[PDB]
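To start, the structure itself, in C-alpha cells.
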Amino acid sequence: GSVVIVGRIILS
Amino acid sequence: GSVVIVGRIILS
Amino acid sequence: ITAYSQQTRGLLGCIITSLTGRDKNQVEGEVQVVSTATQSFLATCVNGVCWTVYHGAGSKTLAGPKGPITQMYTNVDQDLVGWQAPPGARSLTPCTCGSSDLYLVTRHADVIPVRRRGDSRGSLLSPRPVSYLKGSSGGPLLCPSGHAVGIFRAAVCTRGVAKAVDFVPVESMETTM
Amino acid sequence: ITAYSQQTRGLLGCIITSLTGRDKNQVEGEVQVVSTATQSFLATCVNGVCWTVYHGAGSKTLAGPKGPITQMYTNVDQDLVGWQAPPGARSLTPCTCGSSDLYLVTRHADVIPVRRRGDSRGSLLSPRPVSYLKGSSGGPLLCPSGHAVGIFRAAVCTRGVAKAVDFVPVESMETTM
Ligand SMILES: [Zn+2]
Ligand SMILES: [Zn+2]
C-alpha cells in the first residue's frame, strides 16, 4: 500500500 | 481529531 | 505483579469517537491504550491525571464523556502532556520506596524489569528488539509495590537491540503542577 | 518563522487512500505529514520533488491525483527518497548562504533551533529527550531566511537525550538530481 499525506505543516 | 481510548491494561 | 490488556474499541469506534471527541465509555484500570489517526501509544493516570507522551498526543484533546477534553498540564520540552482524568479513572500513586527496582509495562501487559539508572535513565535486564516496545510510550515505570515512579518515553537502542529506557520521573510530573 | 499543523485526513482516509493509491487531495504547504501502515513521519517538498527518509518510506509509492506515484529518486544508503512532486504542490527554495543558525519544523509545527555542527550535523540548543523527535524525520531545517538546508534524517542521541541531529544536506539531494 502507498504512503499517504495525512496532513500539512505551514511555515511563515 | 481527538485521542481515543481503545483499550486498557488492568494492573495487579 | 501482572497486568492484562483489554480491547474496548474497534476501527469504526476510534474513528467516530475521534471525529466527535465524544467517548461515553466508562474508563477502567490505571493505564489506557490510546490511539490517534497514525500511532497508537499508552497513557497512565498518576494522582488524578491521564498522562502521556507529547510526541504521540501533540496537543489533541482526549475523547471524553462531556466531549473533547482539552489537556491540562503540558511540558512539551520533556515530551509530556496529560489530561484531567475522566470520571471513575483509577489513578496511580507516586513512588515512596526509593527502590531502584522498576518494571516496565507494555501495551500487551508485559511486566519487564528495568533498573533505576538515573533521574530518567534505566537499564533493561534482558535486551529485546526495539519492535517489542513499539506503541508503549505513555506506559508506566513502576516500583516493587506497584507505584508510579515514571511515564515511559522511548527505548535506548543501538543496532536494533534495546537495552535501556528513557522515562520522565513521577517527580517531574508533580513539579509540573 | 512559525508553523502550525493541519490534518487533512483520518485513519479511514489513510487506509482507503493507501489501498487505491489515489489521492484527490490538494497539496499545500511545504512540509507534509505522511504515513504508511506502520509509522508516520514528514516529507519536505524541494525543487519540485518530494523528499523523505528511506527508513520511513522504503520503496513505497505515494498516493497521487491520478493514481500511485513511483519514486523517481532513491538512495538507500543516504536514507533519502523522492517522488516527483504532484503538479500543484508548493516547494522550498535551497539555502547555501552559510548561515549556521538553523530551525527544524517537527511533526507538530514546533520550530526548534539547531546550530549547524558539521556538514550533516547540527548542534541541538535545548537537548530535548529523543522520544521528542519521533515521527519528525523527513522534515526540513531552514536557514533564517526560510530556505531549505536539508532533511532531518535521524537523531544523534546519547543514552536518552538528543543533543544534536543528522540531516541530508540539500547538496546531497542535488548530486542525486
Ligand atoms: Zn515506590
Ligand atoms: Zn539560507
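Ordering of the C-alpha cells sets the chain letters (A, B, ...); residue numbers start at 1 within each chain; ligands are numbered from 1 in the order shown.
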
Would you list the contacts of residue D:172 as a PDB file with N, CA, C and O atoms, in the first residue's frame, taking every protein, DNA or RNA residue within 10 Å and counting only C-alpha atoms, but skipping same-chain residues closer than 6 positions in sequence?
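And here's around.pdb as it stands now:
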```
ATOM      1  N   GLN D  78      22.102   6.784   1.803  1.00  0.00           N
ATOM      2  CA  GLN D  78      21.983   8.119   2.374  1.00  0.00           C
ATOM      3  C   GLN D  78      20.536   8.373   2.882  1.00  0.00           C
ATOM      4  O   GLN D  78      20.119   9.529   3.076  1.00  0.00           O
ATOM      5  N   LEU D  80      17.425   8.554   1.873  1.00  0.00           N
ATOM      6  CA  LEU D  80      16.553   9.570   1.329  1.00  0.00           C
ATOM      7  C   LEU D  80      15.935   9.092   0.025  1.00  0.00           C
ATOM      8  O   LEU D  80      16.599   8.403  -0.759  1.00  0.00           O
ATOM      9  N   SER D 120      26.491  17.612   7.977  1.00  0.00           N
ATOM     10  CA  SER D 120      25.192  16.974   8.011  1.00  0.00           C
ATOM     11  C   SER D 120      24.777  16.856   9.462  1.00  0.00           C
ATOM     12  O   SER D 120      23.966  16.023   9.815  1.00  0.00           O
ATOM     13  N   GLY D 150      18.306  20.974   4.401  1.00  0.00           N
ATOM     14  CA  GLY D 150      18.407  19.530   4.455  1.00  0.00           C
ATOM     15  C   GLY D 150      17.175  18.853   5.003  1.00  0.00           C
ATOM     16  O   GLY D 150      16.183  19.506   5.292  1.00  0.00           O
TER      17      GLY D 150
END
```

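The environment of residue B:8 within 7 Å, counting only C-alpha atoms and disregarding residues fewer than 2 places along the same chain, consists of residues 10 of chain B; 5, 6, 7, 29, 31, 32 and 33 of chain C.
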
Could you give me, as a CSV table (one decimal) with C-alpha atoms, in the first residue's frame, every polymer residue with an atom at most 7 Å away from an atom of ligand 1, counting only C-alpha atoms and all ligand atoms?
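Output file selection-v3.csv is given in full below:
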```
chain,number,residue,atom,x,y,z
C,95,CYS,CA,6.9,6.5,44.3
C,96,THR,CA,7.8,6.2,48.0
C,97,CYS,CA,10.3,3.3,48.2
C,98,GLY,CA,13.5,4.8,46.9
C,99,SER,CA,13.8,1.3,45.3
C,143,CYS,CA,8.3,0.2,41.7
C,144,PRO,CA,8.3,-3.2,43.6
C,145,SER,CA,5.0,-2.4,45.4
C,146,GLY,CA,3.4,-1.1,42.1
C,147,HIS,CA,3.7,2.7,42.5
C,149,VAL,CA,7.7,6.2,39.5
```

Chain B post-superposition (all in-order Cα pairs with chain A) as a PDB file with N, CA and C atoms, in the first residue's frame:
```
ATOM      1  N   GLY B   1       0.639  -0.870  -1.009  1.00  0.00           N
ATOM      2  CA  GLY B   1       0.373   0.019   0.118  1.00  0.00           C
ATOM      3  C   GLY B   1       1.140   1.321  -0.016  1.00  0.00           C
ATOM      4  N   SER B   2       0.456   2.405  -0.397  1.00  0.00           N
ATOM      5  CA  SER B   2       1.098   3.724  -0.637  1.00  0.00           C
ATOM      6  C   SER B   2       1.236   4.712   0.525  1.00  0.00           C
ATOM      7  N   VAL B   3       2.177   5.638   0.402  1.00  0.00           N
ATOM      8  CA  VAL B   3       2.404   6.667   1.404  1.00  0.00           C
ATOM      9  C   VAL B   3       1.359   7.771   1.212  1.00  0.00           C
ATOM     10  N   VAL B   4       0.501   7.982   2.215  1.00  0.00           N
ATOM     11  CA  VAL B   4      -0.587   8.966   2.196  1.00  0.00           C
ATOM     12  C   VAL B   4      -0.282  10.228   2.975  1.00  0.00           C
ATOM     13  N   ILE B   5      -0.612  11.389   2.413  1.00  0.00           N
ATOM     14  CA  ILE B   5      -0.401  12.671   3.100  1.00  0.00           C
ATOM     15  C   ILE B   5      -1.632  12.787   3.988  1.00  0.00           C
ATOM     16  N   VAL B   6      -1.416  12.967   5.283  1.00  0.00           N
ATOM     17  CA  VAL B   6      -2.533  13.013   6.212  1.00  0.00           C
ATOM     18  C   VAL B   6      -2.634  14.356   6.860  1.00  0.00           C
ATOM     19  N   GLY B   7      -1.768  15.260   6.417  1.00  0.00           N
ATOM     20  CA  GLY B   7      -1.751  16.606   6.955  1.00  0.00           C
ATOM     21  C   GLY B   7      -0.500  17.335   6.501  1.00  0.00           C
ATOM     22  N   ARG B   8      -0.371  18.585   6.919  1.00  0.00           N
ATOM     23  CA  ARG B   8       0.763  19.408   6.517  1.00  0.00           C
ATOM     24  C   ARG B   8       1.100  20.451   7.558  1.00  0.00           C
ATOM     25  N   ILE B   9       2.316  20.964   7.463  1.00  0.00           N
ATOM     26  CA  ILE B   9       2.752  22.011   8.362  1.00  0.00           C
ATOM     27  C   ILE B   9       2.957  23.226   7.476  1.00  0.00           C
ATOM     28  N   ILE B  10       2.145  24.255   7.705  1.00  0.00           N
ATOM     29  CA  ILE B  10       2.217  25.505   6.942  1.00  0.00           C
ATOM     30  C   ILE B  10       3.334  26.408   7.497  1.00  0.00           C
ATOM     31  N   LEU B  11       4.343  26.675   6.651  1.00  0.00           N
ATOM     32  CA  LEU B  11       5.509  27.489   7.016  1.00  0.00           C
ATOM     33  C   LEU B  11       5.321  29.013   6.920  1.00  0.00           C
ATOM     34  N   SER B  12       5.965  29.752   7.836  1.00  0.00           N
ATOM     35  CA  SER B  12       5.895  31.214   7.867  1.00  0.00           C
ATOM     36  C   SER B  12       6.868  31.789   8.888  1.00  0.00           C
TER      37      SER B  12
END
```

request  = Run DSSP on the backbone of this structure and report the residues of chain A it assigns to strand (DSSP E), as a PyMOL selection string.
outcome  = chain A and resi 4-11

remark   = A straight line from atom CA of residue C:88 to atom CA of residue C:148 spans 18.3 Å

message = Please find the residues of chain C near chain A - the criterion being any atom within 12 Å, counting only C-alpha atoms - and write them as an MDAnalysis selection string.
response = chainID C and resid 36:38

request  = Output the contact residues of chain C with respect to chain D at a cut-off of 8 Å, based on only C-alpha atoms, as a list in words.
outcome  =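 That gives the following set of residues: residues 15, 37, 38, 39, 54, 55, 58, 77, 78, 79, 121, 153, 154, 156, 164, 165 and 166 of chain C.
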
Residues from last step as file, C-alpha atoms, as a CSV table (one decimal), in the first residue's frame:
```csv
chain,number,residue,atom,x,y,z
C,15,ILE,CA,-12.9,6.8,14.0
C,37,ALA,CA,-5.1,8.5,13.3
C,38,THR,CA,-1.5,7.5,13.0
C,39,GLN,CA,0.1,6.0,16.0
C,54,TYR,CA,3.6,14.6,23.7
C,55,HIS,CA,5.1,13.1,20.5
C,58,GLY,CA,0.6,16.5,20.2
C,77,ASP,CA,10.2,20.0,26.3
C,78,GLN,CA,10.0,16.9,28.5
C,79,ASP,CA,7.7,15.4,25.8
C,121,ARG,CA,17.7,6.6,32.7
C,153,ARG,CA,9.2,7.7,26.9
C,154,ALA,CA,11.4,5.6,24.5
C,156,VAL,CA,17.6,3.4,24.2
C,164,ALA,CA,17.7,0.8,28.2
C,165,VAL,CA,14.7,3.1,28.6
C,166,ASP,CA,14.3,6.9,28.8
```

request  = Please give the complete set of residues from stretch 29-160 of chain C that DSSP, run on the backbone, assigns to alpha helix (DSSP H), formatted as a count of residues only.
outcome  = 4
